[PDB]
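What follows is one chain in structure tokens, specifically the form deposited in one PDB entry.
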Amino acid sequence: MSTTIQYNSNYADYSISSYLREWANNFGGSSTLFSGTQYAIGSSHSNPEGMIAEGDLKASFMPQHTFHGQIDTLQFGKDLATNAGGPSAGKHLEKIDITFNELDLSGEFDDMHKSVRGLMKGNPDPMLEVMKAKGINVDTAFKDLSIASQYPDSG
């Protein structure tokens, strides 16, 4: 498939060159920027299970040696789908089972891959150890778990 380009009518008289030069000139390891990452992983079976790791960040350095790994939300469910607004807008899960909010996984990059790969091969153990090391109780039903709350009706 050949590359196609869409432009706002305000830039009709610009070239790619004159647009990007202007964008580059009007913009201003991180410093001093806003950056955000969304990773989506899903299976190939029907009603496929999926998960999303996401985070965003301010500006400059490690906080445990990762730039794109500044992850603070982790979500599990089924049916990854494209967001409104097109492919550029990333993904959402159609069926959301569990969402971890303010779960700082930045320090498990430099362990998150072992956790995600484990998950894909039927093994939650490394993910569970990461969660336990943050003080999360993984052996309590969600209904009794203090930091957990139920979504209204379905999402």
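Rigid core here is just the name for the largest C-alpha set that superposes within 1.5 Å across the two forms. Each residue number is its position in the shown sequence, starting from 1.
Not pictured, yet referred to below: the form deposited in another entry.
Rigid-core frame, C-alpha of residue 144, shift of 2 angstroms or more between this form and the one not shown:
Where the cores coincide, residue 144 shows only a C-alpha shift between this form and the one not shown that is less than 2 Å.
For a quick test of reading the superposition: does residue 99 move by 2 Å or more at the CA between this form and the one not shown, rigid core aligned?
Not so; residue 99 is displaced by less than 2 Å.
After superposition on the rigid core, does the Cα atom of residue 38 shift by at least 2 Å between this form and the one not shown?
Superposed on the core, residue 38 moves its C-alpha less than 2 Å between this form and the one not shown.
Against the shown form, C-alpha atoms of residue 62 and residue 72 in the other entry: closer or farther, for a change of 3 Å or more?
Residues separate in the other entry, at least 3 Å farther apart.
Distance trend in the other entry - C-alpha atoms of residue 34 and residue 102, change of 3 Å or more
Relative to the displayed form, residue 102 and residue 34 move farther apart in the other entry - a change of at least 3 Å between their C-alphas.
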